[PDB]
Structure formats: structure tokens, C-alpha cells
Amino acid sequence: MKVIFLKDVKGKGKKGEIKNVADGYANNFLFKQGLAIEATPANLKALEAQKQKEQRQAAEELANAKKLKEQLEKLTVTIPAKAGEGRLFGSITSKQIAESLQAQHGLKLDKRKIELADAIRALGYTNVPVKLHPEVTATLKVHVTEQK
Amino acid sequence: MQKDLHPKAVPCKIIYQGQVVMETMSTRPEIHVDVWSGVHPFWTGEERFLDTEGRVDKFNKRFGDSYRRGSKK
RNA sequence: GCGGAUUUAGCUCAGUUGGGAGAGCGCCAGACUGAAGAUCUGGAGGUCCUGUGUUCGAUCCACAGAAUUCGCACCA
RNA sequence: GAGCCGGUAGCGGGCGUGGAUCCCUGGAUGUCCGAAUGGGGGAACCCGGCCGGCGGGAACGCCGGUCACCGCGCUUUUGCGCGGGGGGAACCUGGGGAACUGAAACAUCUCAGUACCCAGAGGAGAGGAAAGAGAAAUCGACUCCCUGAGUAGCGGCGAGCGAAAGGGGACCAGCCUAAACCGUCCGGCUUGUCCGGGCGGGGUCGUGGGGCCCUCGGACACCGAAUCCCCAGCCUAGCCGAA
RNA sequence: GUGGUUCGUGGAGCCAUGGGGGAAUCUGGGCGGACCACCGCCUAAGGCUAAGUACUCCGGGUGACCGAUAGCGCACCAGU
RNA sequence: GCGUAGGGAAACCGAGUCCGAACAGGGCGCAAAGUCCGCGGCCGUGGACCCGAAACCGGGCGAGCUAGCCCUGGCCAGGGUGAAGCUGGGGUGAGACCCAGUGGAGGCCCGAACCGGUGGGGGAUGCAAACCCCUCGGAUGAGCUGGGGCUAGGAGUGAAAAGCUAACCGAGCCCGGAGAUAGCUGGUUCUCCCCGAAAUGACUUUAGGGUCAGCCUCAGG
RNA sequence: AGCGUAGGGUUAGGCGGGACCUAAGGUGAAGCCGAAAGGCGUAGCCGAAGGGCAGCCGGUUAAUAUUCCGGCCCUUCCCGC
RNA sequence: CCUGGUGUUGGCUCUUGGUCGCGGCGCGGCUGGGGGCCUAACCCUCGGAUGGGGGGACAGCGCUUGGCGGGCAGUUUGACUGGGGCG
RNA sequence: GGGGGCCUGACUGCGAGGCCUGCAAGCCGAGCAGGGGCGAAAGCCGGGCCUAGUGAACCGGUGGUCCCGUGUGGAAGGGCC
């Protein structure tokens with residue numbers, strides 16, 4: 001039985017799970033129900049079409065987390081707020097993160113990323129291992145300052 | 001004609017007849033019966049060109065049913 | 001005659017560790033009885049189907065027959 | 001080419017060479033039944049919508065025409081426009097399909113796939129370019145006649161049944177489409193690359209088809225029809241016609 | 001498990017199929033009579049195809065074919 | 001296609017061959033050679049010397065026959081017998097229960113039409129393919145009935161003998177297999193010449209058939 | 001002559017059948033099953049001295065008659081108001 | 001008519017048997033028996049609609065197995081024989 | 001016909017030539033060859049003193065052949081013993 005999965009087999013895993021459900025058995029109860037279909041070359045193309053589409057959405061987004069990547073890990077990270085002789089009066093959040101570099105420096109980037117223990121403040125040079133792409137990120141430099 | 005398949009015919013003929021073997025494995029065979037009977041499949045419900053339901057049997061049924069060569073479900 | 005089932009005491013049968021030949025009977029005897037029976041004691045019971053072979057040793061393992069029995073095979 | 005109102009010869013009356021009777025072919029009527037079909041029904045009868053004159057409607061209102069069964073395609077829209085079915089002596093294939101009787105019984109066998117019934121095609125259907133035949137590396141459509149052959153062979157090896165290739169002959173004759181490969185699109189899913197159906201490519205005769213790259217190459221090859229008059233044959237009477 | 005075939009169960013194939021499994025797209029896939037090697041043939045599982053043979057209701061032709069109890073039974077107000 | 005060799009299961013050999021390992025026999029060699037045709041006595045397939053039955057099998061045909069069953073009407077002149085009941089009276093508590101009145105059932109009795117058809121009479125080329133005469137049973141009922149229909153002929157129906165199913169159903173009737181087979185039965189034609197039969201023996205699901213012999217006849221040596 | 005030839009005879013708004021109704025049963029669009037022919041079969045329809053429906057008495061010919069005469073009794077449809 | 005395997009006759013779990021391999025037990029593939037609501041076929045059900053309900057892997061029903069089986073169908077059941085038979 | 005000695009011809013290949021005979025059967029048999037046994041040897045032996053102890057042909061089993069083998073190599077299968 002060329003059972004073209006669409007969910008379960010234990011659950012739902014509609015992920016390349018063809019299983020000899022068996023004759024009318026798997027035939028009637030599984031898909032009559034509506035939960036995938038049979039070989040049908042069309043599909044046996046359907047699955048691969050879209051496993052290939054998925055294949056573009058990963059390596060691509062791989063090429064999207066590799067362009068900002070290098071371009072990003074080279075230049076600076078300047079954000080001179082106010083302060084006294086250390087620390088700022090309103091710490092420094094990766095929130096104030098995005099906002100700047102973006103608008104200013106330019107390219108849009110998240111604010112859930114960047115690996116921040118808390119709201120620094122120590123102004124000036126203090127790098128921040130910023131989690132960009134799932135496997136590859138950006139431990140960039142950050143030089144703040146109380147422009148005074 | 002209302003006892004066939006739609007997706008092909010298979011009904012009729014059937015020249016049965018039993019005997020009492022006992023050959024090649026020694027000596028020779030014999031004869032008897034002289035009857036004639038039927039022999040076929042079964043039918044399920046479907047539909048085509050505005051309702052119709054269909055019928056035809058297994059085999060075939062497993063087919064077109066899955067697909068449909070003149071009307072689906 | 002094609003196949004299966006077996007072969008031990010007078011009868012009916014156990015017997016698998018390859019080394020004791022066993023049980024029941026039933027049978028015989030003793031005890032008991034007025035005797036016999038019933039009970040208790042005891043005893044015997046032998047071609048382990050035959051032959052040959054294997055083995056230190058064969059009821060047991062191996063090799064034909066045979067016989068009994070059941071089913072089947074039947075167009076000379 | 002000059003007689004006629006049929007077989008009726010009879011009474012009573014009449015058409016005709018300013019081409020009658022009749023011979024032809026194409027017509028217009030074709031009452032009622034019968035597949036019947038508008039509806040019903042014991043056939044040859046009795047019943048209904050639309051149009052219809054308007055008709056005696058003497059100062060009072062009708063037949064005629066018509067029309068429409070149902071299964072088939074499908075311009076689907078509210079479905080408008082095409083085909084069918086009933087026959088038919090004999091013959092044709094399919095669907096189904098038997099005892100007698102022979103075997104000097106009779107269960108195998110035979111009569112047979114006959115007789116019959118059913119459906120349906122035709123004027124002929126049957127069949128028909130081969131996963132064929134056989135073995136000389138030989139043959140080639142199908143069919144039918146002779147022959148092969150009462151042979152090879154089937155079998156209570158009994159009664160019987162009993163092929164075919166090859167050779168001779170009649171005839172000849174070849175073609176298509178799914179056949180997703182290409183492009184065209186139309187409709188969906190839901191945008192891609194899925195299935196879908198109309199257009200061509202090809203649409204295979206005896207192994208090919210596409211798609212790519214260079215040689216191409218640049219008019220006689222008609223089928224089962226399609227067509228024109230042609231001799232259109234016949235279609236009944238055509239008419240002379242030696243003494 | 002039946003068919004047809006000369007094949008009546010047979011050493012018994014090809015083609016056709018009643019039920020059940022359910023391959024391949026040219027070194028593919030049946031075939032040449034159990035099977036197997038090698039050789040040889042063919043390319044299926046859609047379709048159309050006049051002509052060559054059959055048959056007489058019809059019309060004609062012809063008869064070592066008939067004559068009214070023969071011929072079709074029925075030669076003429078007969079399938080009555 | 002028969003003859004031109006054949007011999008053999010065959011391989012195959014071949015005027016020789018198969019058995020075999022032996023020159024012992026079987027088949028044949030030895031040409032004598034046919035072949036086609038015509039005309040005949042016959043033999044097989046044929047319906048096949050000619051008609052003859054009871055039956056089997058196919059497709060139709062019928063409940064205006066009759067047996068049923070469904071639907072729907074009609075019909076039983078008179079009379080007789082007298083149960084449930086209800087009314088009243090009756091010794092006990094009520095009653096059982098008795099009696100008397102009324103009352104009117106019952107596949108009930110006596111009998112017409114109507115349904116039938118034992119028991120005798122006639123009739124026997126009848127009046128008739130079941131009828132006439134005298135006689136008899138049933139006589140509000142598994143009652144008789146008209147009209148409408150349903151079933152069906154290897155199947156129906158059947159208060160059931162194998163009855164009835166269009167006047168003889170032990171499995172209807174017509175057309176078809178078909179001119180079934182038919183050791184039995186008959187039937188089996190113009191003259192004349194010639195000779196002249198058997199009625200036994202052997203084997204038969206064979207004995208009143210028929211194979212082979214024995215006895216006939218014609219052609220040649 | 002209930003035999004031959006010839007001529008002639010039977011008339012209905014109200015009698016009967018239909019122009020109304022259904023049970024059996026038969027048909028039968030749909031629906032259901034057959035190798036084919038076919039089987040069944042809803043609703044609707046067919047189906048009768050069962051249901052329903054508006055008259056009777058006398059006269060009058062060679063024959064008819066509740067129809068023809070006449071005297072008496074009615075019903076349904078339509079148009080008008 | 002009864003009957004094994006097979007089919008459109010789908011899920012979930014409870015289990016014992018064989019087997020060969022690595023009296024035994026541990027495992028292992030193999031495969032056999034079987035007990036369960038379910039349940040999406042199937043069928044039936046209906047009860048006022050197409051949904052519910054009940055049964056449910058049944059069974060109907062198809063294919064092969066085997067069995068009963070005079071209910072029916074077709075044949076048969078010799079000869080002799082100083083009559084047919086019995087003998 | 002009664003014992004004892006070794007011995008098995010209680011043979012294969014065949015049989016000239018007859019008995020009985022419609023059929024098929026049935027039955028006999030010198031002698032020829034290969035190969036033995038018994039006897040010195042001349043010879044006898046192809047079961048019995050005989051005449052009953054029986055069966056067609058096909059339907060098959062099996063030990064031998066290496067005859068056929070359905071395109072050739074073979075085998076299923078078949079023919080012959």
C-alpha cells in the first residue's frame with residue numbers, strides 16, 4: 001500500500017512517511033477520512049516539490065544570515081547616550097539595540113536575538129554575542145558612551 | 001445488463017465437474033459431473049454525472065474507485 | 001501390498017542416565033477360618049520379538065524381517 | 001397511337017388524334033388500427049391544453065388545423081437541435097444452449113455447439129497488417145475454393161471424432177489514435193512545475209516517436225469514402241423491322 | 001477452476017478468461033508446445049478497413065422438371 | 001494421389017531385411033506392372049428397401065374444462081324442536097340451585113326450489129360420448145351461486161384415489177429435434193432360362209438375433 | 001319457415017356504458033434485482049349489475065319504444081342582471 | 001444445507017503453542033491458537049429527514065474445500081428355464 | 001516306482017514338422033548354435049508319469065534398453081525387453 005502519509009502513523013508526522021497501511025484497510029479508513037493520499041505520480045512529485053521548496057527556504061535564509069553576517073561582524077557598534085563616569089543613567093537595552101543601528105546604521109534586525117544577560121550600562125567597548133541565525137550569529141562589537 | 005462491473009465484464013460461463021483422479025501417480029483417471037454455474041465479484045457505492053452510485057465489483061473496483069475513468073466520487 | 005502406530009512375567013502394562021529387569025493382577029503360599037472369602041505376609045513371574053552390529057557394558061542406539069493394528073492407496 | 005369508363009359480358013350515360021385508354025418516373029392527397037408515442041384502452045374505439053375559421057350561430061356559437069410519448073447527443077443557460085427503436089422467407093455473428101440415437105446396455109462419448117430461444121449488425125455481416133506461422137535463417141493481412149488428409153492425432157484407444165503450416169487458385173491493400181516528450185491553452189489546486197480537456201507535434205505497418213546540434217531539402221504519391229459530367233446499367237412502355 | 005483447439009485431465013502448450021496475488025518501457029517483454037541453456041521469430045494489454053466466399057423475398061434465363069390424387073399443399077371470388 | 005522395392009516399434013538398412021549373435025525361421029525379392037474412366041453385383045456413412053408404436057428433449061399454446069385461492073353481488077317457499085339469557089316466584093346468610101314465564105341459538109330436525117347424483121328400472125349404431133324413470137342424502141351452512149380475476153400444466157392444484165387440469169393428464173396440447181431408434185410386425189412389384197439350399201457346430205447381458213465354419217452360385221486355372 | 005330473392009324496420013339532457021371513484025388484480029415515470037428476453041413495483045391511471053347519478057303513464061305502425069306522439073315531473077352547464 | 005482458507009472483512013489491547021538459531025530458561029525471526037468495546041466496509045435499523053440507533057468484520061455475499069444429500073435427474077437390476085419366478 | 005552321489009537346462013537364440021481347429025488358443029517335437037551338468041564313456045537334461053492347478057487387449061508399477069525425444073543440447077514423456 002503506497003500510503004502517502006499526511007499526519008500520524010503514531011501521530012501527525014506528515015513528513016515523508018509512506019507506510020504500507022495495506023489494501024482497503026489503509027485505503028478507506030485513512031484517506032476516505034482525509035489524511036494524505038496514494039502514490040499518484042502527481043504527488044510523489046507533490047512531496048518532492050515541496051521538499052525542494054523547503055530546500056530553498058533554508059539554504060536561502062542561510063544566504064540571508066550570511067550576508068548581514070560578514071558585513072555586520074566587521075564594522076562598529078556606536079551608541080553614545082548620557083552618563084557620569086561608568087555608568088549610564090538609563091542602562092542600555094538590546095531594545096535601544098534595534099531602534100538605532102537599524103534606523104541609523106541601516107538594516108532591520110530583531111531584538112529577541114542578541115545574547116544579553118541584562119541591561120549593560122558600562123558604556124563604551126563591551127562586545128555582545130548577538131544570536132543572528134539559528135546556527136550562525138554575530139558576536140559584534142559595541143562601543144557606547146555618554147556623549148556627555 | 002445489471003449484474004456486471006461497469007469498469008469491465010466478468011460474469012458468466014462456468015463448466016465445472018468433479019471426478020476421481022488417481023493418475024500419473026499411478027494408473028488412470030475417470031469422469032462424471034456435467035453441470036454449469038456462475039462465478040464473479042461484488043459491488044460498492046459511488047457516483048457519477050449527477051448521482052448514480054455505480055456498482056461494479058472488487059478488482060476493477062479497487063481501480064477506477066481509487067481513480068475514476070468515466071466518473072469519480 | 002502405501003503410510004503411521006507398537007514388540008518386556010501366565011494376563012494387562014510401566015520402564016529416559018546405556019550399568020538394578022520392574023509394577024499391578026493376577027497367580028502360588030503363610031498367617032487367620034469350622035472351611036473357603038475378605039484383610040495382612042511373602043514368593044515366583046523372563047527368548048525385554050529374532051539376528052547381526054555399535055559400546056567397557058544394550059530392554060534402550062543402528063541395520064532387515066516379521067506380526068498386530070488403523071487409515072489409503074485400486075481401470076490389468 | 002387512335003380507342004375507352006378496370007375482372008362484368010347487362011341496363012342508363014358519356015371522353016377522346018387545337019397528342020384519350022394505358023406503359024414510366026417524380027408528385028399532392030393518404031380516413032381508423034398497428035413500434036404508436038398526447039392521454040386511455042377488451043387494436044382498428046373513446047378521452048384532454050394552443051391556434052384556428054370565427055362558423056347555422058335565419059332573432060343564435062363548431063369542426064378543422066394542431067399539438068405535445070420515451071430512452072440518445074449535448075451551446076450546459078430555461079437545455080434548444082440531431083439519431084433510435086418496429087419489421088423481414090433464407091443467410092450472418094455474438095449471448096445462452098438439449099435429450100433422443102449411435103457406442104447393438106449405459107454413467108465417459110456421439111448426435112453439436114446441432115435443433116431451439118435471445119440480442120443485434122448488414123446487404124452481406126464473419127473476420128482483417130501478426131506478442132502470426134514454422135524451421136529450408138523459409139514464409140508473411142484476413143477470407144474463400146481445391147489440396148494437404150480421412151493423414152499428424154484425440155479416446156471406457158471402443159463407437160466415432162478428426163487439425164494445420166506448406167503448394168495450386170479467386171482477391172489484393174492500406175491506415176490510425178491514449179499513445180504526456182514538445183509546445184497551445186482552458187479549468188481547477190490554490191501560483192508554479194498537479195491532475196484536467198479541446199489544438200497541433202508525433203499521431204509507430206514489419207521498431208520507433210520526441211527533444212538538441214550540423215547535412216536537409218527547394219512539384220505528379222490520389223481512398224473505404226469526397227467530387228464532376230463520362231459509357232451514368234437498369235428503371236415500363238422505346239421501334240423499325242427480308243420474302 | 002472451466003473454454004476453444006485434433007488434445008476427453010493427460011509428459012500437455014499457445015490464445016481466451018471465473019477468483020487471488022498484482023512486473024518490466026528496447027540488453028524491455030511473449031513466443032517456437034513440461035522445463036533449461038543457446039539460437040531463431042515477434043513486438044501485444046485501443047480502433048477503421050471496400051474486393052475474393054453465403055443466402056434467395058424479389059426480376060430474368062434455362063430444363064434427358066412436372067401435368068391436374070404429379071408439381072408449392074394452394075393454375076385462380078384458398079392458407080379461404 | 002494411387003502403382004515405381006520392401007522389411008522394421010524405431011534408429012535405419014535396403015532387392016535385402018528384422019530376432020539374435022546366428023548362417024535355423026517370419027516378412028518379402030523373384031517385375032507379369034498398373035492406372036484412369038465407363039457401365040454393374042456389393043460394402044461404409046448416410047432418413048436410405050417403405051410405412052409402424054409406447055417415449056425423451058425445446059419453444060410456445062390454455063381456469064369461458066375443472067381444482068383452488070383473492071375481490072364483489074345475489075340466493076335458501078313453508079314448518080318443527082325449544083339451550084345462554086332476561087322477568088317473576090321458590091326453604092338458607094347471600095347463594096348454590098330448583099320451577100314457571102318469556103325467549104329464540106344450532107354446520108339441529110321434517111320437508112320445495114336449489115345442491116346430489118348411493119339403491120333398483122330403462123337406454124347400449126341411445127334423446128345423449130352420462131342422459132330419462134322410479135328412489136335417496138344435504139336442506140343458515142367447512143351452504144348453493146352469478147359477475148369480475150390469480151395461479152398452469154415435471155409444474156399447478158388437490159378435506160388427496162394419483163384425483164382434475166378444455167370430454168382417455170401415472171406427468172397436458174400444438175409446432176420443432178425428426179422421416180428419433182424400432183433383433184419385432186407387416187408390406188415387398190413384368191416374363192423366362194439354369195442349378196440347386198439349411199432348420200447343425202463353435203463364442204456371445206447371446207439365445208425367435210448374429211460372427212466364423214458347414215451345405216449354394218457364377219469367373220478363371 | 002326461425003329456407004330463397006327484394007324492400008323496409010330499431011331515434012333518448014333525464015334507461016343502460018363512458019364523458020366520476022377505487023379493493024383484488026393489471027399496468028405502471030421514479031426505485032429495486034436478471035447472461036439477454038426479463039422480475040418486481042410507489043404514486044398516478046386501467047378495473048364492475050360494488051359506489052355514485054337528473055322522470056312517469058297512456059297513445060301511436062308491418063316491425064321500434066322509459067327514446068315517436070302528447071299530457072304531467074325534473075337536472076347540469078353558460079351569459080345577463 | 002454444514003464446512004476449512006480467500007476477498008471489498010478496518011483499529012486497539014489481553015494471550016498461549018510451534019519452530020529453527022543464538023527436560024532449559026533468557027532472547028531472537030519466524031508463525032500458529034485465541035479474548036475483548038470499539039469501527040470508519042458491510043448489513044440491518046428506525047422511530048416522524050440524509051442523523052441518530054443496533055449488529056460489525058458478522059456476515060450476507062465471490063472464489064476454491066470438504067460433507068452430508070432419492071429432495072430431485074439420468075442409467076442399470078444377465079442366460080439358461082422341456083411356461084416366468086423360487087429352486 | 002524305493003535310496004545315495006554330485007548337479008539345476010525348473011536354459012537363452014530357435015525350431016524341420018505335426019496333432020485338435022470356424023477364432024484365437026491349446027498341444028508335440030528331432031535337430032542347429034552359445035553355455036553348462038551327469039557319466040570313463042554310447043547318451044539323457046530345455047522341471048515333474050500324464051490329461052485339470054485357468055484368461056484376451058487394452059488401463060497402469062517396477063529392474064533392464066540407451067530405439068523416439070515434437071528449434072538443436074537434454075529431461076517430462078514414449079516406443080522395445
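Under 5 Å between amide H atoms, partner at least 5 residues away or on a different chain: which partners does A:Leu140 have, H built in plane at 1.01 Å?
A:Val128, A:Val130
Given the -39500 (n - 2.57) contribution per DSSP H run of 4+ residues, what per-residue ellipticity at 222 nm results for the protein assembly as shown, rounded to the nearest 500 deg cm²/dmol?
Details: 5 runs with 47 residues, N = 221.
Roughly -6000 deg cm²/dmol at 222 nm, from the helical runs in the protein assembly as shown.
For the range A:88-97, in order, what is each residue's ³J(HN,Hα) by Karplus, 6.51 cos²θ - 1.76 cosθ + 1.60 with θ = phi - 60°, in whole Hz (x at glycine and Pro)?
4, 9, x, 3, 7, 9, 4, 5, 3, 3
If amide hydrogens are placed 1.01 Å from N in the peptide plane, which non-local residues have theirs closer than 5 Å to the one on A:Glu38?
Amide H neighbours of A:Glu38: A:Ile4.
Which of B:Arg28, B:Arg62, B:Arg48 ends up with the largest GNM mean-square fluctuation for chain B, with Cα atoms connected below 10 Å?
In this elastic network of chain B, the residue with the biggest mean-square fluctuation among B:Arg28, B:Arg62, B:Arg48 is B:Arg28.
Below 17 Å, Cα to Cα, which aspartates and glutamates can B:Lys61 reach? Residues fewer than 8 away in the same chain don't count.
By straight Cα distance, B:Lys61 reaches A:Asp23, A:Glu38, B:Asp4, B:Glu46, B:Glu47, B:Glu53.
Structure shown: which of A:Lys108/A:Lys141; A:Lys12/A:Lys131; A:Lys2/B:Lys13; A:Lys12/B:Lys58; A:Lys95/A:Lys148 lie over 24 Å apart, alpha-carbon to alpha-carbon?
Working: A:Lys108/A:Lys141 17 Å; A:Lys12/A:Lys131 31 Å; A:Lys2/B:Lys13 35 Å; A:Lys12/B:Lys58 31 Å; A:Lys95/A:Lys148 21 Å.
Where the Cα-Cα span goes over 24 Å, the pairs concerned are A:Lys12/A:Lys131; A:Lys2/B:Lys13; A:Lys12/B:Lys58.
Where a number appears in this text, it was derived from the coordinates with a stated rule and is not lab data.
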